[PDB]
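Scroll down for the structure; my scribbles are underneath it.
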Amino acid sequence: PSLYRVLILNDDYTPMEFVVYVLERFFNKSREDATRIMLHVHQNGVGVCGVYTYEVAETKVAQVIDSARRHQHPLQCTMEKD
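Take the sequence shown: its position 53, counting from 1, is numbered 90 in PDB author numbering, and each next residue is one higher.
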């Protein structure tokens with residue numbers, strides 16, 4: 038039954054706007070909440086985008102990666118047990 042948290046890692050190439058876009062897009066964040074998480078990731082090196090069931094966490098990871106790569110950004114996204 039364990040839920041899984043989705044994490045994005047900081048990097049020195051992915052635009053902030055794209056990270057905000059990603060959080061609004063795939064994690065259902067208002068722009069204000071996205072901005073907060075984006076800045077937290079920038080400062081902490083890692084941040085939680087959300088917590089979901091394993092299957093849903095898995096698709097959100099893939100979707101962020103797919104989106105990032107097609108935008109040609111190196112944005113790293115992964116998950117771990119909540």
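C-beta atoms are modelled at their ideal positions from N, C-alpha and C, and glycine is treated no differently.
Is residue i near residue j, with beta carbons less than 8 angstroms apart?
i: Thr90; j: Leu40; result: yes
i: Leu112; j: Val57; result: no
i: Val98; j: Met116; result: yes
i: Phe63; j: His108; result: no
i: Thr72; j: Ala105; result: no
Taking C-alpha atoms, which residue in the options lies nearest to residue i?
i: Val43; options: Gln109, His110, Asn65 and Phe55; result: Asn65
i: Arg68; options: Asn81, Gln80, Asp48 and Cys86; result: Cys86
So residue i and residue j are supposed to be a Cβ contact under 8 angstroms. How far apart are they, rounded?
i: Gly84; j: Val78; result: 4 angstroms
Give me, in chain order, the residues of the same chain whose beta-carbon lies closer than 6 angstroms to that of residue i; leave out the 5 immediate sequence neighbours on both sides.
i: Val101; result: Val59, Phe63 and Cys114
Give me, in chain order, the residues of the same chain whose beta-carbon lies closer than 8 angstroms to that of residue i; leave out the 5 immediate sequence neighbours on both sides.
i: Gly82; result: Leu46 and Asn47
Skipping 5 residues on each side, what residues in its chain have a beta carbon closer than 7 angstroms to that of residue i?
i: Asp119; result: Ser39, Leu40, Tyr41, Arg42 and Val88
*Tell me the start and end of each unbroken beta strand (DSSP E) in the region 76-101 that is at least 3 residues and wholly inside, in chain order.*
83-89
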